[PDB]
Every structure is written in C-alpha cells, then in structure tokens.
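In: coords below, sequence missing:
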C-alpha cells in the first residue's frame, strides 16, 4: 500500500495539540471522502472520522477532520497518553478501483525528554567475506520517541535492495532500540569507497560511515 | 453490542492454500457490505476483498484477483476468505471489517485481526560472525564490539560474554524477520578503550530448536 502520504511520526506533550497531514491525487482524495482510523498497540483499527469530518459515537470534538483539494488533516488537541496510537487515512482511488490507505503516523505523547539515537555501524567480518557473503549492521539505541527512518548510501547513491530494518522496541531504561541490515556481494562491498547508515529522528539525521580498509 | 472475530490464520508453505473466518455477533452481517484488509508487519493497511448486495458479488485488489475468493454463510453469520497459491508477500495480519457508505465509503467496525505466515523456513541453526571494534579506537569515548547471529529459525537464541562473566555494557538487539523467513540478531558490548590487546572477549551463542552451541573470538583488525 501507501498510495496516500502521511508523516511516519509526530509528537507533543500532554494537553498540547498536533495535526497529521494526508496527501493524495485527483483520483482519490481529490474526488473522494477521507476516513481516519486509530490503532492502539496490539489492537484493531477504530473509525474516528468519515466523510472528511463526521466523528463516530463517543469521539470528542478535540479529534477534528478537514479536507482541501487533494490533502486531508487530522487535528488532535488536549493530547492524553491514551492517544498514543498509529493513525491511518483512507479513501477510494478511481484510478486503481481500490480502497486505499496511508502508511500510518505513530503519535507519541512526550513523557520524557526528546533523546536522539546513538548509531554504531559494523562492516562485514573478515570471516563472512571468506564465505562469499557481506552484512553491514546498524545498531540504533537510546532514542525517544520510538520512531526512526533509516536510509542506506552506497558512496552517496541510494541503496534499495537487501535492506532489513526492525520496528523500534523498548529498552529496559524506557528508551527505544532498532537495527538495520544491508546485504551485499563482496564485489559490491570492495567496489565502493564508503557505505553509510542514515537515521532520521524528529527531522534531524545521525549518519555513520565505514570503508573497505 | 456488536463485534467481529477472525480465526483460521497460522503457518502455511509457499504455493499453499488457507481459509480465514470472521464471525459477526450483535448485528446481521448478511444485509451489510463486508471487507478484508491486511497489514504486513510494521507497515500500512492493504484492502484485499469485499462482498456486497444480495447475489452476492465479490470485489478484489489486483494483488489477489484469481487467487482469493470471498464468501459468507448467512446461517453461521460468518464471513470467509479462501486464499490459494499463497506467496511470501501475502504474509500479514488479516482484518475483516464492515463497509458502509454515506457521502463516501468507510469501515466502521473491525475484528481483532489474525496472523498469516507464508515461508519455507525449517528449524535451521545460525552462522555467528565477530563484529571487531573500530580500529579508530579513540582515547575519548570507548570501544563498541559485538557478535552477528545470522539466518536462523525459529526464535529464540541466547547470547552471553565470557560464559556469564561480562554483563557490563551488553545490549542484545531484538531480531529482524527477513523476507527469506529467517531471523538475524546482533549483540554489542561497550568495553574499555584500553585493555583490548590483553582482554579476551568470547560471545557464547546457543540456539535450542536446531541444537547449536557456538563460541566466537572477537579481536580487532591486524
């Protein structure tokens, strides 16, 4: 999926306010009504908003929907910790004849200070290269909120294939961890000057780089 | 006063078949338009199938048309999805939902969800590789070094340092589930910059289901 564009994460303190954008085309949001779904951890999505701005029974006015041109917004004011969910927009696409969805937005209600991630990047072991294999390991620790985007670079070029990234998970000290794995041939590894692991947390990037010695 | 409960999900091989159910209670599903939507782990929602009108008629996403068949038993007040010629990419939690229309379309009731896992992975043992500490070995800060645990099934695996002795620094990261269907994880330990050419770090890895114990040395580059 991900015909519709959302931000991957947003955060504000309890009592404070936030909005979540939902960006589409002329053939979906442009000509069709947007719905907003709330998913609490380990639970089923719940309809908050339908026909752009009609709240379902029980949903309070601080949850507000709006739509203009080919975009839609979810406003949440009076943030409580019970708001901590993944939020999805959805509508009809008259190009593909599909019900379509955004990629979701992880909402965090700040209970501790903003903490940026520590990144450690390991190159392929001497041993693994003998086996005709190559793995780079990007260890990502001590970030809050618990949402990161990970982008790998070959020299400066975007790498798509051979990437496996975990979902963020809770460390014993209440901060979040994640890891990222890039698979290469030894010819790829040895035929680039550097590979980089790039971790975006709250609009700011932490980059680690290695090189074949 | 109204809910949906799915069942039938679990583990199946590539090229395999599987049938999910979704029992309604507190309303008559029969007169309602019903739908299946799915979530590949840590990703968005994909619409799969929908069944409407009195005939009835089925609608499908192109990513499933000719493989999946939606139906309902009005007697058991239950909705079905028959899934044929299954692929690794069909791996996802599957929700049944109630679809209604006013000005536009919306899904106003969702079920609990159910996991569907499509892989070949047999009870395989891991390959362990040393993660040597950066030769950059700076006076300020300290030395990160670890152990890579690659391509195993199923969970879990156990990781220690010097047969228990060393727990001062240890971070053993949750495992990644690969498209291959195999698991990988790594364990890093932050240890003093100095006393590196003297101190002997062995990571000790055990995978029960495969019957695999491995001890790996971790020294810097030459």
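Out: Okay, I see it. Numbers count the residues shown, from 1 in each chain, chains lettered A, B, ... in the order given.
In: Tell me how many other residues surround residue B:112.
Out: A count of neighbours around residue B:112, defined by other C-beta atoms under 10 Å in any protein chain shown, yields 16. From N, CA and C alone the C-beta is placed, and that goes for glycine too.
In: how about it, what does it touch?
Out: A:44, B:4, B:5, B:6 (C-beta atoms under 8 Å, 6 or more residues apart in numbering or on different chains).
In: Now distance to residue A:57 and secondary structure too, for the residues you listed, in CSV please.
Out: CSV is the format used below for the contacts of residue B:112 (distance: C-beta to C-beta, whole Å; DSSP: H, G, I helix; E, B strand; the rest coil):
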residue, distance to residue A:57, secondary structure
A:44, 17, coil
B:4, 17, strand
B:5, 21, strand
B:6, 24, strand
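In: Of the residues you listed, select the buried ones using a ChimeraX command.
Out: Selection of buried members from the contacts of residue B:112 for ChimeraX, criterion 16 or more other C-beta atoms under 10 Å in any protein chain shown:
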select /A:44 /B:4,6
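In: Going by proximity to chain A, name the top residue of chain B.
Out: Chain A sits closest to residue B:104 of chain B, with a gap of 2.5 Å, by C-beta to the nearest C-beta.
In: number of nearby residues for that residue?
Out: Other residues near residue B:104 come to 16 when the count uses other C-beta under 10 Å.
In: From start to finish, how long is stretch A:65-79 in a straight line?
Out: Using C-alpha to C-alpha, to the nearest Å, the end-to-end distance of stretch A:65-79 comes to 16 Å.
In: Which positions within that stretch qualify as buried?
Out: Buried residues in stretch A:65-79, counting neighbours by 16+ other C-beta under 10 Å, are found at A:65, A:67, A:70, A:71, A:72, A:73, A:74, A:76, A:79.
In: Contacts only, for the last one.
Out: Yep, that's residue A:79 we're talking about. A:12, A:13, A:14, A:15, A:16, A:17, A:18, A:109.
In: What distance do you get for it to chain B?
Out: According to C-beta to the nearest C-beta, to the nearest Å, residue A:79 and chain B sit 23 Å apart.
In: Over to that residue. Which of the three states is it?
Out: coil (DSSP: H, G, I helix; E, B strand; the rest coil).
In: Determine how far the last residue of stretch B:1-19 lies from the first.
Out: Length of stretch B:1-19, first residue to last, C-alpha to C-alpha: 27 Å.
In: An error on my part: the question was meant for stretch A:122-132.
Out: Span of stretch A:122-132 from end to end, C-alpha to C-alpha: 17 Å.
In: Distance from it to the middle of the chain?
Out: Its chain's average C-alpha position is 31 Å from that of stretch A:122-132, according to C-alpha atoms, centre = their mean, to the nearest Å.
In: swap in stretch A:136-153?
Out: Counting by C-alpha atoms, centre = their mean, stretch A:136-153 is centred 11 Å from the centre of its parent chain.
In: any chance of the contacts of residue B:112 in CSV, with distance to residue B:74 too?
Out: Converted to CSV, the contacts of residue B:112 look like this (distance: C-beta to C-beta, whole Å):
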residue, distance to residue B:74
A:44, 24
B:4, 16
B:5, 17
B:6, 18
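In: Contacts only, for the closest residue to residue A:190 other than its chain neighbours.
Out: Spatial nearest neighbour of residue A:190, excluding adjacent residues (C-beta to C-beta, 6 or more residues apart in numbering or on different chains): residue A:212 at 5.2 Å. When contacts are counted by C-beta under 8 Å, 6+ apart, residue A:212 touches A:123, A:189, A:190, A:192.
In: Show me which of the residues you listed are buried.
Out: A:123, A:189, A:192.
In: just curious, which of those is nearest to residue A:156?
Out: residue A:192 (10.0 Å; C-beta to C-beta).
In: is it true that the closest one touches residue A:154?
Out: Yes - Residue A:192 lies in contact with residue A:154 (C-beta atoms under 8 Å); the separation is 5.1 Å.
In: that older thread, include secondary structure when you put the buried residues of stretch A:65-79 into a markdown table, please.
Out: Below are the buried residues of stretch A:65-79 laid out as a markdown table (three-state DSSP):
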| residue | secondary structure |
| --- | --- |
| A:65 | strand |
| A:67 | strand |
| A:70 | coil |
| A:71 | strand |
| A:72 | strand |
| A:73 | strand |
| A:74 | strand |
| A:76 | strand |
| A:79 | coil |
